[PDB]
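Reading through the structure tokens given below for one structure.
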Amino acid sequence: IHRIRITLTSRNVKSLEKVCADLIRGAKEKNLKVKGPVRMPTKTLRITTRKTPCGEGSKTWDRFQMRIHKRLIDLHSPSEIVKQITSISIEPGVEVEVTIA
Amino acid sequence: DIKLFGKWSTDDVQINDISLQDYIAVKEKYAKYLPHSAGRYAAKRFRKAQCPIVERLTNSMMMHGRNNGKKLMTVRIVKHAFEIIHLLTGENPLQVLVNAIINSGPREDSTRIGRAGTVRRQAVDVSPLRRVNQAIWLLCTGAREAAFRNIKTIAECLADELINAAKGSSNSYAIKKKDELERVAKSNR
Amino acid sequence: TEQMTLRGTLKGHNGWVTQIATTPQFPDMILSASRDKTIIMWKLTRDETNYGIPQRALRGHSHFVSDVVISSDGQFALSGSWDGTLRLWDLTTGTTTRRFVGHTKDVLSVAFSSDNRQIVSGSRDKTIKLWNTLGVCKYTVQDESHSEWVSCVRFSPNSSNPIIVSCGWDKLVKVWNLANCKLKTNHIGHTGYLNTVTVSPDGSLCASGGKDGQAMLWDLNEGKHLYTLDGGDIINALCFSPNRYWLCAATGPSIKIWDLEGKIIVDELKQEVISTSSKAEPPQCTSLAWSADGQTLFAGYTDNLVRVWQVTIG
Amino acid sequence: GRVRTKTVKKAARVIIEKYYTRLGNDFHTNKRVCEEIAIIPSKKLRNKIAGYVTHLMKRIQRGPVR
Amino acid sequence: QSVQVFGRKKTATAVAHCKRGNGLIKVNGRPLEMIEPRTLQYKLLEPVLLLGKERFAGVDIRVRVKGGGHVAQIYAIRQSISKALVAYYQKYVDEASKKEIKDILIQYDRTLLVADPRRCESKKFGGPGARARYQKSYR
Amino acid sequence: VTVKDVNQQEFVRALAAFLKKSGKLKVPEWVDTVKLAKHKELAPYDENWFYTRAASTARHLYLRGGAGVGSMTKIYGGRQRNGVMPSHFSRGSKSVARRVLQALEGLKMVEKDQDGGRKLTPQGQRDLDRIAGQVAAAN
Amino acid sequence: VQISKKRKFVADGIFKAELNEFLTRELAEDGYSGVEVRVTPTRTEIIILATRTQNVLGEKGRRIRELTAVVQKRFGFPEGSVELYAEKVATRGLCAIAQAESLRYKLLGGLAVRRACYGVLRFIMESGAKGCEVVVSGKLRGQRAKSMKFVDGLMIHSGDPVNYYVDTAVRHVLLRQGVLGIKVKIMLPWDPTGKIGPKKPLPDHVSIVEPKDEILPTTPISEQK
RNA sequence: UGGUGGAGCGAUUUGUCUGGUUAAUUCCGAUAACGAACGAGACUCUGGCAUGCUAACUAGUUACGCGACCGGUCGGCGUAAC
């Protein structure tokens, strides 16, 4: 029951905000002590490569960005309740990692 | 009251010609403690007219490749120069600066109308802003150039240049170039 | 005999003066809201050089603060803003005491109960919100509340059955009961969206005005039409004189002061002597407030100026 | 320079001749009613329409717009 | 009893904490006169000379500076001090006194209250800087 | 009066003079010969540089705690000029920083931290704050 | 030991990409439209969207549990952690890839380029697309490379909307003379609140609700409740 | 750049324009054309503002306690309002 934390990590913002909000309101209605979403610095993966395969042109470059948005929600609740509240909330395009102490 | 480097007053300074009276800023409402303002005075047209003339001097001082963004050093060059000026002549340096810019500004320039290779120029009038621009540019190039490879420093070279320029001495680079530009306008007409 | 004269013009706010609020307790203190997201408290020095001086400015209401009102004691203040939240201010120090966070869209009007224990607030939500003192939402009415926006909501100050009045942009002036929240009257006279509804100082007459520019008088005791007062342009504000027994509305560039036994033109307030900005449209009068003693009128204009109109008796 | 495109013009016009009685002279009221009136794609587009609606509502009193 | 505001230039940020006291002036625990770029010492003395020490009498301000470069920090701290004073003379004094301060500060230099918004522009491929391009050789 | 209240240039010269006068600072055998970094072209001009470096090191360790040999090597770094190759940031000498910290440990002015770094001792804080006292007194 | 979030999200990207490339080269003949992968620590499910599922399953669901044994043997996750599901495509007309594959396998049937491409246009416009663009390039006739573009309805080229309003497919057809390039571009319908097409409208579109005819009252009357 | 209409046996042309106006075939207004479609614009990402909102021992401040050194300095440590 002690200090389970839940790390929600995704590339989409909307889906991550929706699922995390659902976990929070799902926990709040049960009268459980919850520490709110801790938004960490957004990880931006940059790749800059030549457009051309051959290498004859005006030396143009692509700029490929990949965004990683990470949220932490913390609970002071029993593991039995934590298991089912973590079980019910599934979404394609979010990764959830639960840790205790 | 407000005094330049907290030791030079801006009330005892006096403008000669009415033409430049609204194109040399140094006066009651433009009185600043340091040249260094970091304003947006080159944002649009006729905004640099409201730039303090001391700031225009120290900005046009950091010109050549090695000193492009080395303002903090031009401010102390101008500070030392102003002290040298006061020691040599006796009176307010800001008056000497204004006198130098008043004298140094070319009144009639020559414009290119024709083809390239051949020289054919029409003599035309110079705007009060362009007079101030060329005056500052000529003073700095004279200072710079004069002290490039010899022992006297930039500070006392700038002082010497402004002493000569203010009292219209033939030795000043700025006076020689003005004289030549007006003589070329006189040659065309 | 009794004509209005411009005594001075307080200049503080930097935007449209949306609402002015006064109290009988403090006669040297008025509280005016504006479109610079600021509510300024005035010290009425009544000097020759200027009538008032900016004293304290409440800040933090993000978007335009539309309505402002203060309690019976000169200690609290309530406001409703376009950010969609109400703020209850501590007037002494000038800090927010409580935040009501319920509405969705822009809050247009708020009202303070006579006993100072109940709050009613109208928005663009198509709903009225009943808040209590501590600040939790009590009752959100959605039983055909309004088809369009709710422009003005007010209380009826009397010892009789306490009732609230609510006009909207659906042409309806609707009357609710607190603790019951059912309709007694839905009045249908106007032809145009409504801006203001004001109750009498006694608490017997209701005055509704808007785009139509024809102020219509009802009676709360029966629920029937009495008069149709024919105004000029759009009515921005109605207010009853607490002593003189007059009705003062707001035409766009002028303020009309009228008698209720004569039904005649008593006065016309227009301040335009210079013709420098005569090519442009005149500056609109938005807010109307009365002084403590009911001898003076406070007019809020869209040119960022609050004017005082002193009744010069002979 | 900045010229209002056929999109904001067309939209603004049909808004006037549908909800003339709803609109007035103030930009912010027209901006707020334009949200409720039309399903509009973005804030900028709504601001530009609200602005040109304001501009038309000025000159409608001056004379009859074609 | 106290207020806390930030002055910002480029990526420099200087947060001034203003409380009541004996006219104390400290930035990162150091006096103004002991700040490293002494050439621009007057730029820090701008707000205190313009208003006069008498206004600072009943005010202790503690400034902390982070990010940016030397001169940017100087513009952040000198902005922060003035914004802190006007914020304090807004909250715990009449608005008239705040106006009497504001008008003087704005009339001298608008930079003291309003932040310079421009930032270091993004660099593009095909050149060394944001505008400049590499040398283009014909034959 | 505190180290932060005085000028940080004069303070080092005063503390260096104190460290010389004490006459119990273990100077290495190679002070006359060795440079002070990878990127310096000549040996330092002043004969008593070890005392000024020791003084500087103590002052740095006063201003923030938990400073190792690597940090001290990062403090006294500068611009390596590589002839025709462009100039890059080069770090200081590790030995000089280590011998200075060893020599100051010798005075019981600095001691090792449980966390891993080196902090100034209350004896050190006394000496440094005293030196600041008379440096302030000399104006 | 576990890998970083950055490397993990990349790894999932390559997994998706390689799986797609494998599935395309396997189920091209059965009009493989797309794939959807949902991952659960209990067991990860792979969902294949193809034109004719009856075929991709195989004789009594034989081929599906060849494909299952492949991905299990290859990627190295444990057996009983994957079930390859084959769901039917909602509308095969508004899938660029499906139409591109159909055009490729009817061209391999030895049909004229004009009739084949027009057949695909007619079907895509019949299915209910906003507009279609079919391009075929290479040795169409003779020894010189040529290109034939065929367009119908509305087709947008610039801005963000292109990303989520038009879907494209690029396919290589092997002929005896050489190789032909098929480019199929389909603009979808508004489809509010649906799976067919995008939810948000185009950002240059302004929809205005019709006013209700309000009867203006002349005589004042007050209805009592 | 089509559709239908107009002008030429025809290739073709008009629409797609005299004149103002815009960064813009961008608009206004003329009008044998009228209705449209792509590009432009809209759009998406990024900079600049919020002492308003939701939050935070993997971010900090303010206050208090204890300590080190002379009411002051601390990126010396531990709790509470945010």
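Numbering starts fresh at 1 for the residues of each chain in the structure tokens, the chains themselves are lettered A, B, ... in the order given, and ligands are numbered from 1 as they appear.
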
What are the residues of chain C lining chain D at 10 Å or less? Count only C-alpha atoms, and put the answer as JSON, numbers by chain.
{"C": [105, 106, 124, 148, 149, 169, 192, 193, 211, 281]}

As a ChimeraX atom specification, please: the residues near range 61-71 of chain B (cut-off 10 Å, only C-alpha atoms (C1' of nucleotides), same-chain neighbours under 6 positions excluded).
/B:35-36,55,77-78,136-137,139-141,143-144,154,158

Could the residues in this selection be saved with N, CA, C and O atoms as a PDB file, in the first residue's frame?
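Result went into again_29.pdb, see below:
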```
ATOM      1  N   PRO B  35      27.100  55.774 -22.405  1.00  0.00           N
ATOM      2  CA  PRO B  35      26.740  55.563 -23.810  1.00  0.00           C
ATOM      3  C   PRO B  35      25.914  54.286 -24.043  1.00  0.00           C
ATOM      4  O   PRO B  35      24.981  54.340 -24.821  1.00  0.00           O
ATOM      5  N   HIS B  36      26.277  53.190 -23.363  1.00  0.00           N
ATOM      6  CA  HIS B  36      25.676  51.834 -23.505  1.00  0.00           C
ATOM      7  C   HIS B  36      24.194  51.867 -23.105  1.00  0.00           C
ATOM      8  O   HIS B  36      23.910  51.944 -21.894  1.00  0.00           O
ATOM      9  N   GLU B  55      26.611  57.668 -27.938  1.00  0.00           N
ATOM     10  CA  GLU B  55      26.298  56.248 -28.260  1.00  0.00           C
ATOM     11  C   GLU B  55      26.597  55.988 -29.744  1.00  0.00           C
ATOM     12  O   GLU B  55      27.180  54.927 -30.045  1.00  0.00           O
ATOM     13  N   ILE B  77      37.193  53.430 -24.140  1.00  0.00           N
ATOM     14  CA  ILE B  77      38.008  54.214 -25.121  1.00  0.00           C
ATOM     15  C   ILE B  77      37.458  55.646 -25.165  1.00  0.00           C
ATOM     16  O   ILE B  77      38.268  56.593 -25.031  1.00  0.00           O
ATOM     17  N   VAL B  78      36.136  55.788 -25.327  1.00  0.00           N
ATOM     18  CA  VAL B  78      35.412  57.096 -25.360  1.00  0.00           C
ATOM     19  C   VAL B  78      35.550  57.792 -23.996  1.00  0.00           C
ATOM     20  O   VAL B  78      35.754  59.028 -23.994  1.00  0.00           O
ATOM     21  N   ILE B 136      30.654  61.383 -38.243  1.00  0.00           N
ATOM     22  CA  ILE B 136      31.022  60.338 -37.237  1.00  0.00           C
ATOM     23  C   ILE B 136      31.935  59.307 -37.913  1.00  0.00           C
ATOM     24  O   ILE B 136      33.009  59.008 -37.349  1.00  0.00           O
ATOM     25  N   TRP B 137      31.513  58.791 -39.072  1.00  0.00           N
ATOM     26  CA  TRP B 137      32.241  57.760 -39.864  1.00  0.00           C
ATOM     27  C   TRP B 137      33.674  58.229 -40.150  1.00  0.00           C
ATOM     28  O   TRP B 137      34.614  57.444 -39.897  1.00  0.00           O
ATOM     29  N   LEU B 139      35.447  60.746 -38.660  1.00  0.00           N
ATOM     30  CA  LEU B 139      36.167  60.945 -37.369  1.00  0.00           C
ATOM     31  C   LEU B 139      36.772  59.614 -36.904  1.00  0.00           C
ATOM     32  O   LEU B 139      37.989  59.588 -36.629  1.00  0.00           O
ATOM     33  N   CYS B 140      35.957  58.555 -36.841  1.00  0.00           N
ATOM     34  CA  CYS B 140      36.361  57.201 -36.369  1.00  0.00           C
ATOM     35  C   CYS B 140      37.442  56.613 -37.287  1.00  0.00           C
ATOM     36  O   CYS B 140      38.449  56.109 -36.745  1.00  0.00           O
ATOM     37  N   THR B 141      37.252  56.674 -38.612  1.00  0.00           N
ATOM     38  CA  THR B 141      38.216  56.157 -39.629  1.00  0.00           C
ATOM     39  C   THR B 141      39.553  56.905 -39.516  1.00  0.00           C
ATOM     40  O   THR B 141      40.611  56.250 -39.676  1.00  0.00           O
ATOM     41  N   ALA B 143      40.709  58.402 -36.662  1.00  0.00           N
ATOM     42  CA  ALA B 143      41.236  57.916 -35.363  1.00  0.00           C
ATOM     43  C   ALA B 143      41.875  56.535 -35.552  1.00  0.00           C
ATOM     44  O   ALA B 143      43.040  56.375 -35.146  1.00  0.00           O
ATOM     45  N   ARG B 144      41.073  55.621 -36.037  1.00  0.00           N
ATOM     46  CA  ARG B 144      41.442  54.264 -36.266  1.00  0.00           C
ATOM     47  C   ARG B 144      42.670  54.237 -37.078  1.00  0.00           C
ATOM     48  O   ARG B 144      43.714  53.819 -36.644  1.00  0.00           O
ATOM     49  N   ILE B 154      44.457  54.391 -29.130  1.00  0.00           N
ATOM     50  CA  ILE B 154      43.172  54.766 -29.799  1.00  0.00           C
ATOM     51  C   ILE B 154      42.523  55.941 -29.050  1.00  0.00           C
ATOM     52  O   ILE B 154      41.977  56.835 -29.733  1.00  0.00           O
ATOM     53  N   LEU B 158      41.850  59.374 -30.916  1.00  0.00           N
ATOM     54  CA  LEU B 158      40.444  59.850 -31.034  1.00  0.00           C
ATOM     55  C   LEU B 158      40.342  61.274 -30.472  1.00  0.00           C
ATOM     56  O   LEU B 158      39.682  62.116 -31.118  1.00  0.00           O
TER      57      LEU B 158
END
```

Need the shell around residue 1 in chain E: protein/DNA/RNA residues with any atom at most 10 Å away, counting only C-alpha atoms (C1' of nucleotides). Skip same-chain ones fewer than 3 positions apart. Format as an mmCIF file with N, CA and C atoms, in the first residue's frame?
```cif
data_model
loop_
_atom_site.group_PDB
_atom_site.id
_atom_site.type_symbol
_atom_site.label_atom_id
_atom_site.label_comp_id
_atom_site.auth_asym_id
_atom_site.auth_seq_id
_atom_site.Cartn_x
_atom_site.Cartn_y
_atom_site.Cartn_z
ATOM 1 N N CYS E 18 11.449 41.790 -2.400
ATOM 2 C CA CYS E 18 11.314 43.128 -1.759
ATOM 3 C C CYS E 18 10.473 43.016 -0.480
ATOM 4 N N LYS E 19 11.080 43.304 0.681
ATOM 5 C CA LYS E 19 10.424 43.344 2.022
ATOM 6 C C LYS E 19 10.722 44.698 2.679
ATOM 7 N N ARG E 20 10.206 44.941 3.891
ATOM 8 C CA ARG E 20 10.482 46.176 4.680
ATOM 9 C C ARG E 20 11.865 46.050 5.337
ATOM 10 N N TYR E 88 5.783 46.786 -4.981
ATOM 11 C CA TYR E 88 5.680 47.003 -3.512
ATOM 12 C C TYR E 88 4.908 48.297 -3.224
ATOM 13 N N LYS E 91 1.235 47.634 -3.872
ATOM 14 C CA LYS E 91 0.503 46.702 -2.969
ATOM 15 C C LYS E 91 0.281 47.328 -1.584
ATOM 16 N N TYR E 92 1.293 47.991 -1.007
ATOM 17 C CA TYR E 92 1.306 48.462 0.409
ATOM 18 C C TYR E 92 1.411 49.993 0.507
#
```

Near-range 48-58 of chain H list (6 Å; only C-alpha atoms (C1' of nucleotides); drop same-chain fewer than 4 positions) as number ranges by chain:
A: 36, 38; C: 60-62; E: 117

All residues 12 Å or closer to residue 105 in chain G, only C-alpha atoms (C1' of nucleotides), same chain fewer than 3 positions away omitted, as a PyMOL selection string:
chain G and resi 28-31+98-102+108-111+113+116-117+120+171-175+182

So that I can check the secondary structure, give me every residue of chain D assigned helix (DSSP H, G or I) by backbone DSSP, as JSON, numbers by chain.
{"D": [6, 7, 8, 9, 10, 11, 12, 13, 14, 15, 16, 17, 18, 27, 28, 29, 30, 31, 32, 33, 34, 35, 36, 37, 43, 44, 45, 46, 47, 48, 49, 50, 51, 52, 53, 54, 55, 56, 57, 58, 59, 60, 61, 62]}

Residues of chain F within 12 Å of chain E, counting only C-alpha atoms, what are they? List them as a PDB file with N, CA, C and O atoms, in the first residue's frame.
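What ended up in part11.pdb:
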```
ATOM      1  N   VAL F   1      31.037  42.364   8.502  1.00  0.00           N
ATOM      2  CA  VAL F   1      31.921  42.293   7.294  1.00  0.00           C
ATOM      3  C   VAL F   1      32.143  40.819   6.923  1.00  0.00           C
ATOM      4  O   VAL F   1      32.456  40.019   7.827  1.00  0.00           O
ATOM      5  N   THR F   2      31.981  40.486   5.635  1.00  0.00           N
ATOM      6  CA  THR F   2      32.097  39.115   5.063  1.00  0.00           C
ATOM      7  C   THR F   2      32.818  39.189   3.709  1.00  0.00           C
ATOM      8  O   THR F   2      32.815  40.280   3.098  1.00  0.00           O
ATOM      9  N   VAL F   3      33.387  38.066   3.251  1.00  0.00           N
ATOM     10  CA  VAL F   3      34.142  37.937   1.964  1.00  0.00           C
ATOM     11  C   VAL F   3      33.316  38.549   0.822  1.00  0.00           C
ATOM     12  O   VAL F   3      33.905  39.269  -0.008  1.00  0.00           O
ATOM     13  N   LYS F   4      32.005  38.291   0.793  1.00  0.00           N
ATOM     14  CA  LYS F   4      31.081  38.780  -0.267  1.00  0.00           C
ATOM     15  C   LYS F   4      30.978  40.314  -0.228  1.00  0.00           C
ATOM     16  O   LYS F   4      30.759  40.899  -1.303  1.00  0.00           O
ATOM     17  N   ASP F   5      31.144  40.944   0.944  1.00  0.00           N
ATOM     18  CA  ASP F   5      30.975  42.415   1.119  1.00  0.00           C
ATOM     19  C   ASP F   5      32.166  43.181   0.523  1.00  0.00           C
ATOM     20  O   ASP F   5      31.961  44.362   0.180  1.00  0.00           O
ATOM     21  N   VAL F   6      33.349  42.563   0.398  1.00  0.00           N
ATOM     22  CA  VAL F   6      34.593  43.244  -0.087  1.00  0.00           C
ATOM     23  C   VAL F   6      34.805  42.969  -1.581  1.00  0.00           C
ATOM     24  O   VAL F   6      34.083  42.122  -2.149  1.00  0.00           O
ATOM     25  N   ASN F   7      35.768  43.678  -2.180  1.00  0.00           N
ATOM     26  CA  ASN F   7      36.240  43.487  -3.578  1.00  0.00           C
ATOM     27  C   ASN F   7      37.012  42.164  -3.649  1.00  0.00           C
ATOM     28  O   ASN F   7      37.881  41.947  -2.784  1.00  0.00           O
ATOM     29  N   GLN F   8      36.709  41.324  -4.644  1.00  0.00           N
ATOM     30  CA  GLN F   8      37.231  39.935  -4.767  1.00  0.00           C
ATOM     31  C   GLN F   8      38.625  39.925  -5.411  1.00  0.00           C
ATOM     32  O   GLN F   8      39.276  38.867  -5.345  1.00  0.00           O
ATOM     33  N   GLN F   9      39.064  41.039  -6.009  1.00  0.00           N
ATOM     34  CA  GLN F   9      40.415  41.180  -6.621  1.00  0.00           C
ATOM     35  C   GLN F   9      41.451  41.404  -5.512  1.00  0.00           C
ATOM     36  O   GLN F   9      42.408  40.606  -5.434  1.00  0.00           O
ATOM     37  N   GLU F  10      41.260  42.449  -4.697  1.00  0.00           N
ATOM     38  CA  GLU F  10      42.169  42.840  -3.580  1.00  0.00           C
ATOM     39  C   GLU F  10      42.232  41.728  -2.525  1.00  0.00           C
ATOM     40  O   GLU F  10      43.324  41.525  -1.951  1.00  0.00           O
ATOM     41  N   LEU F  63      33.215  30.103  -1.378  1.00  0.00           N
ATOM     42  CA  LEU F  63      32.002  30.571  -2.112  1.00  0.00           C
ATOM     43  C   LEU F  63      31.032  29.410  -2.365  1.00  0.00           C
ATOM     44  O   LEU F  63      29.812  29.662  -2.295  1.00  0.00           O
TER      45      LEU F  63
END
```

Who sits within 9 Å of residue 11 in chain C, only C-alpha atoms (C1' of nucleotides), same chain under 4 positions skipped, as number ranges by chain
C: 50, 52-54, 304-307

Kindly provide, as a ChimeraX atom specification, the residues of chain B having any atom no farther than 9 Å from an atom of chain E, counting only C-alpha atoms.
/B:1-2,5-6,29-30,32-34,36-37,39,72-73,75-76

Keeping only N, CA, C and O atoms, write those residues as a PDB file, in the first residue's frame.
```pdb
ATOM      1  N   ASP B   1      20.705  65.689 -10.761  1.00  0.00           N
ATOM      2  CA  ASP B   1      20.766  65.846 -12.249  1.00  0.00           C
ATOM      3  C   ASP B   1      21.494  64.644 -12.867  1.00  0.00           C
ATOM      4  O   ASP B   1      22.104  63.865 -12.104  1.00  0.00           O
ATOM      5  N   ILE B   2      21.427  64.516 -14.197  1.00  0.00           N
ATOM      6  CA  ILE B   2      22.051  63.415 -14.995  1.00  0.00           C
ATOM      7  C   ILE B   2      23.294  63.973 -15.700  1.00  0.00           C
ATOM      8  O   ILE B   2      23.166  65.011 -16.381  1.00  0.00           O
ATOM      9  N   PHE B   5      29.038  59.768 -17.676  1.00  0.00           N
ATOM     10  CA  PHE B   5      30.008  59.097 -16.769  1.00  0.00           C
ATOM     11  C   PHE B   5      29.922  59.711 -15.361  1.00  0.00           C
ATOM     12  O   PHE B   5      30.927  59.662 -14.621  1.00  0.00           O
ATOM     13  N   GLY B   6      28.748  60.256 -15.004  1.00  0.00           N
ATOM     14  CA  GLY B   6      28.493  61.020 -13.766  1.00  0.00           C
ATOM     15  C   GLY B   6      29.507  62.124 -13.500  1.00  0.00           C
ATOM     16  O   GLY B   6      29.744  62.397 -12.307  1.00  0.00           O
ATOM     17  N   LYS B  29      16.674  66.058 -22.192  1.00  0.00           N
ATOM     18  CA  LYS B  29      15.778  64.868 -22.154  1.00  0.00           C
ATOM     19  C   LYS B  29      16.483  63.616 -22.705  1.00  0.00           C
ATOM     20  O   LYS B  29      15.885  62.528 -22.585  1.00  0.00           O
ATOM     21  N   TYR B  30      17.678  63.756 -23.295  1.00  0.00           N
ATOM     22  CA  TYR B  30      18.506  62.640 -23.834  1.00  0.00           C
ATOM     23  C   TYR B  30      19.755  62.420 -22.965  1.00  0.00           C
ATOM     24  O   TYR B  30      20.651  61.671 -23.404  1.00  0.00           O
ATOM     25  N   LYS B  32      22.058  60.766 -20.506  1.00  0.00           N
ATOM     26  CA  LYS B  32      22.264  59.374 -20.019  1.00  0.00           C
ATOM     27  C   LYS B  32      23.600  59.295 -19.274  1.00  0.00           C
ATOM     28  O   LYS B  32      24.524  60.045 -19.641  1.00  0.00           O
ATOM     29  N   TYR B  33      23.685  58.413 -18.272  1.00  0.00           N
ATOM     30  CA  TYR B  33      24.886  58.201 -17.419  1.00  0.00           C
ATOM     31  C   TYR B  33      25.999  57.525 -18.228  1.00  0.00           C
ATOM     32  O   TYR B  33      27.172  57.888 -18.011  1.00  0.00           O
ATOM     33  N   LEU B  34      25.650  56.578 -19.109  1.00  0.00           N
ATOM     34  CA  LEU B  34      26.611  55.834 -19.971  1.00  0.00           C
ATOM     35  C   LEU B  34      26.162  55.883 -21.431  1.00  0.00           C
ATOM     36  O   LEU B  34      24.972  56.028 -21.710  1.00  0.00           O
ATOM     37  N   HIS B  36      26.277  53.190 -23.363  1.00  0.00           N
ATOM     38  CA  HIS B  36      25.676  51.834 -23.505  1.00  0.00           C
ATOM     39  C   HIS B  36      24.194  51.867 -23.105  1.00  0.00           C
ATOM     40  O   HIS B  36      23.910  51.944 -21.894  1.00  0.00           O
ATOM     41  N   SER B  37      23.292  51.816 -24.094  1.00  0.00           N
ATOM     42  CA  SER B  37      21.813  51.852 -23.921  1.00  0.00           C
ATOM     43  C   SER B  37      21.178  50.502 -24.284  1.00  0.00           C
ATOM     44  O   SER B  37      20.225  50.106 -23.580  1.00  0.00           O
ATOM     45  N   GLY B  39      19.361  49.931 -27.004  1.00  0.00           N
ATOM     46  CA  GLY B  39      18.026  50.309 -27.504  1.00  0.00           C
ATOM     47  C   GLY B  39      17.769  49.746 -28.893  1.00  0.00           C
ATOM     48  O   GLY B  39      18.705  49.165 -29.481  1.00  0.00           O
ATOM     49  N   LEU B  72      31.922  47.104 -24.841  1.00  0.00           N
ATOM     50  CA  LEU B  72      32.360  47.430 -23.497  1.00  0.00           C
ATOM     51  C   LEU B  72      33.692  48.060 -23.475  1.00  0.00           C
ATOM     52  O   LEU B  72      34.041  48.753 -22.535  1.00  0.00           O
ATOM     53  N   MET B  73      34.445  47.852 -24.519  1.00  0.00           N
ATOM     54  CA  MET B  73      35.822  48.406 -24.618  1.00  0.00           C
ATOM     55  C   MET B  73      35.799  49.775 -25.314  1.00  0.00           C
ATOM     56  O   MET B  73      36.614  50.631 -24.931  1.00  0.00           O
ATOM     57  N   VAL B  75      33.350  51.949 -25.090  1.00  0.00           N
ATOM     58  CA  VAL B  75      32.797  52.833 -24.016  1.00  0.00           C
ATOM     59  C   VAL B  75      33.949  53.373 -23.150  1.00  0.00           C
ATOM     60  O   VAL B  75      33.919  54.585 -22.844  1.00  0.00           O
ATOM     61  N   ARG B  76      34.935  52.536 -22.797  1.00  0.00           N
ATOM     62  CA  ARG B  76      36.103  52.952 -21.968  1.00  0.00           C
ATOM     63  C   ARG B  76      37.104  53.732 -22.836  1.00  0.00           C
ATOM     64  O   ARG B  76      37.792  54.607 -22.273  1.00  0.00           O
TER      65      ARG B  76
END
```

Within 12 Å of residue 111 in chain F, counting only C-alpha atoms (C1' of nucleotides), which residues show up once you throw out same-chain ones fewer than 6 positions away? Write them as a VMD selection string, please.
chain F and resid 58 61 65 to 68 101 to 105 117 to 125

Run DSSP on the backbone and give me the residues of chain A it puts in strand (DSSP E), as a ChimeraX atom specification.
/A:4-10,33-39,43-47,64-76,95-100

Using only C-alpha atoms for the distances, tell me which of C:295, C:228, C:1, C:310 is nearest to residue 24 in chain C.
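Residue with the minimum atom-to-atom distance to residue 24 in chain C: C:295.
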
When distances are computed from only C-alpha atoms, which of A:101, A:47, A:54, A:19 shows the smallest separation from residue 5 in chain A?
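Closest residue, counting only C-alpha atoms: A:101.
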
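Between CA of residue 138 in chain G and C1' of residue 1 in chain H there is a distance of 24.6 Å.
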
For chain G against chain C, which residues fall within 10 Å using only C-alpha atoms, given as a ChimeraX atom specification?
/G:214-225

One decimal, Å: what's the distance from CA of residue 56 in chain F over to CA of residue 108 in chain F, could you say?
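These atoms are spaced 16.4 Å apart.
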
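Atom pair CA of residue 93 in chain C / CA of residue 21 in chain E has a distance of 20.1 Å (rounded to one decimal).
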
Pull out every residue of chain A that has at least one atom within 10 Å of chain E, counting only C-alpha atoms, and report them as a ChimeraX atom specification.
/A:48,58-62
